[PDB]
Every structure is written in C-alpha cells, then in structure tokens.
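In full-length UniProt numbering, the protein residues as written are 44 to 287.
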Amino acid sequence: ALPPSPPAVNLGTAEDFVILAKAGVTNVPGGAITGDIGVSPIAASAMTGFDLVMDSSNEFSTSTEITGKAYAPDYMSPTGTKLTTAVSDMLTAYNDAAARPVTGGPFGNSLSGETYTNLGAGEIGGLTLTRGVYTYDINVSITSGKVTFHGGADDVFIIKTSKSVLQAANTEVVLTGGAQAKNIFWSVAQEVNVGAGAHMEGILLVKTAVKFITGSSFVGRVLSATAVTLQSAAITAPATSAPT
Numbered sequence: 044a045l046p047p048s049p050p051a052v053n054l055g056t057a058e059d060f061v062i063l064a065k066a067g068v069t070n071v072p073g074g075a076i077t078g079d080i081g082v083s084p085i086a087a088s089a090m091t092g093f094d095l096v097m098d099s100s101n102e103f104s105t106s107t108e109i110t111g112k113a114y115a116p117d118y119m120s121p122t123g124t125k126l127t128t129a130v131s132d133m134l135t136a137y138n139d140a141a142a143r144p145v146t147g148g149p150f151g152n153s154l155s156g157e158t159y160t161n162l163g164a165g166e167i168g169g170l171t172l173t174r175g176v177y178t179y180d181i182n183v184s185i186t187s188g189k190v191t192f193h194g195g196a197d198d199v200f201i202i203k204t205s206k207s208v209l210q211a212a213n214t215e216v217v218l219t220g221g222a223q224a225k226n227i228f229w230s231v232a233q234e235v236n237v238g239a240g241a242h243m244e245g246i247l248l249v250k251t252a253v254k255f256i257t258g259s260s261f262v263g264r265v266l267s268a269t270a271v272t273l274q275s276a277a278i279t280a281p282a283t284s285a286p287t
C-alpha cells in the first residue's frame with residue numbers, strides 16, 4: 044500500500060527553462076539542448092561553447108545546438124526581469140522541495156527493516172522507487188544498472204540529499220507505470236554529476252554545480268544556483284516530442 048503522493052514542487056517561471064544557472068553554462072560541442080537556457084545574475088559571457096548569435100531584438104541569442112533561445116541579464120528588456128523572476132522561482136522551488144517531510148514508516152514490506160531515510164545507504168541502482176519523499180544525509184549514488192520510478196501520471200517522487208547525486212557512467216533512470224519526468228524532483232544541496240553515457244530524468248534543484256559528462260542524456264530541467272557543465276550531452280525538456 045502506497046503513501047499518498049506528495050504535491051508536486053511548483054517551479055513557477057523556472058519551468059520556462061531547460062537550464063537555468065546563476066553562474067554560467069559551459070558546453071563542449073555537439074550535444075543537443077531542447078528548450079531555452081538562461082543565466083542570471085552572471086553576464087552572457089558565462090554561456091560558453093554554444094557559439095551564440097544575438098537576435099536582432101537583442102533580447103536573446105541562438106545557437107546551432109539549442110532548439111530554443113538563450114537568455115542573459117545584459118540582454119534587452121524584458122529579458123532581465125524574465126531571468127530574475129525565474130531565479131527567484133527557482134529559489135522558492137528549491138526551498139519547498141527541501142522542506143518536504145520524508146515519507147514515514149517502512150519502505151517495501153513492513154518487515155524490510157528499511158525506511159525512506161537513507162534508503163540503500165545511498166545506493167539506488169537496482170531499486171524501484173514508488174511515490175513519496177526520500178531523505179538522505181549521504182551521497183545518492185546510481186553505481187550500476189537502473190533506477191526505476193514507478194507510479195501513475197500524477198504521482199510525485201522527491202529525492203532530497205544534503206550531499207550530492209552521483210550517477211555513474213552508462214546507468215539509467217527509468218520510468219514505469221505512467222510516471223512522468225516532470226514529477227520527479229531531486230533536491231540536492233551539493234552537486235549532481237551524471238557520468239558518461241548515463242541517462243538522468245527529472246527536475247534537478249541543485250544548490251551548486253551540475254555536470255553532464257560526455258555523451259550523457261537527460262529529460263528534465265537543470266535548475267542550478269551555481270554553474271552547469273555540459274560535455275556533448277543531450278538535454279531535453281519534458282514533453283518536447285509533442286508539437287512546439
């Protein structure tokens with residue numbers, strides 16, 4: 044029997060971005076970004092490796108590797124306001140996610156001897172996670188294989204850690220049951236590192252850095268209070284296979 048689904052974490056206008064980073068985005072060509080990116084309060088020059096061309100409006104820039112638009116505070120109004128509102132909404136979302144109570148009681152069978160606190164001693168590779176709030180004071184690791192999020196279309200999954208999320212190379216986040224990437228929230232006080240060729244899903248609400256190593260892929264949003272590093276990575280917003 045499941046716990047109730049937690050409420051989804053409101054991202055407000057931060058949902059308008061696939062990457063929002065306060066201290067920059069660095070890219071090694073030729074991954075592919077589907078969605079819009081933004082930086083604030085750092086200047087545009089902290090988006091490197093996208094060969095950005097200003098639009099004639101001077102409100103945004105475009106790239107060969109971004110399907111959408113890039114936004115920075117030194118661009119024309121209303122871009123700076125758009126960015127500042129999104130960064131504030133990111134902070135609110137980070138704080139809300141971090142404030143969610145852990146789901147109570149045993150995880151899996153009532154005599155599993157394990158709970159939603161420090162589940163797997165931080166290793167979640169090979170686990171099936173159902174809806175709820177999982178809390179960690181240790182790194183969360185995906186060392187080998189897959190982690191599965193299983194639930195319905197509106198079920199919510201929140202993974203909180205005071206440390207980092209370390210996803211080894213060539214591992215996968217898998218969704219089953221109707222579970223959607225927009226309803227998975229990773230609340231991370233340190234960093235998120237996604238190894239080479241690995242596949243991550245969900246909303247990354249990260250206090251510090253996020254790194255996507257060579258050839259990794261992602262469905263979700265990267266919402267970082269510091270900097271984002273992309274190494275020939277596929278970064279896709281949720282639901283962009285529908286008409287846009």
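C-beta atoms are modelled at their ideal positions from N, C-alpha and C, and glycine is treated no differently.
Residues that residue i bridges to, as DSSP identifies them
i           : result
residue 179 : 204
residue 274 : 71
residue 90  : 68
residue 157 : Per DSSP, none; premise fails for residue 157.
residue 149 : 158
residue 265 : 62 and 247
residue 172 : 192
Under 8 Å between C-beta atoms of residue i and residue j
i           : j           : result
residue 80  : residue 61  : yes
residue 49  : residue 176 : yes
residue 222 : residue 188 : no
residue 230 : residue 87  : no
residue 181 : residue 165 : yes
residue 271 : residue 68  : yes
residue 70  : residue 93  : yes
residue 119 : residue 138 : no
residue 136 : residue 263 : no
residue 238 : residue 212 : yes
residue 159 : residue 128 : no
residue 279 : residue 77  : yes
residue 216 : residue 190 : yes
Presumed contact (8 Å Cβ cut-off) between residue i and residue j, rounded CB distance
i           : j           : result
residue 133 : residue 115 : Not really, about 16 Å apart at Cβ, beyond 8 Å.
residue 254 : residue 236 : 5 Å
residue 214 : residue 233 : Going by Cβ atoms, the distance from residue 214 to residue 233 rounds to 19 Å, so no, they are not a contact pair.
residue 266 : residue 246 : 7 Å
residue 65  : residue 283 : At roughly 24 Å, the Cβ-Cβ gap does not stay under 8 Å, so residue 65 and residue 283 are not in contact.
residue 46  : residue 146 : 5 Å
Item to check | Sufficient close CB pairs (3 or more, under 8 Å) joining the region 233-242 to the region 44-61 | outcome: Flag = no, the region 233-242 and the region 44-61 do not touch.
Next on the checklist: Between the region 201-218 and the region 163-178, can you find at least three pairs of beta-carbon atoms closer than 8 Å?
Outcome noted: Yes: the two stretches touch, three or more of their Cβ pairs being nearer than 8 Å.
Checklist entry - Is the region 101-119 close to the region 135-154, with three or more CB pairs under 8 Å? => result Here the region 101-119 makes no contact with the region 135-154; the two share fewer than three CB pairs at distances below 8 Å.
Checklist entry - Can you find at least 3 beta carbon pairs, one from the region 274-286 and one from the region 243-259, that sit closer than 8 Å? => result Verdict: yes, contact present.
Checklist entry - Going along the chain, which unbroken runs of the beta strand (DSSP E) with 3 or more residues stay wholly within the region 207-234? => result Within the region 207-234, the complete beta strand (DSSP E) runs of at least 3 residues are 208-210, 215-219 and 227-231.
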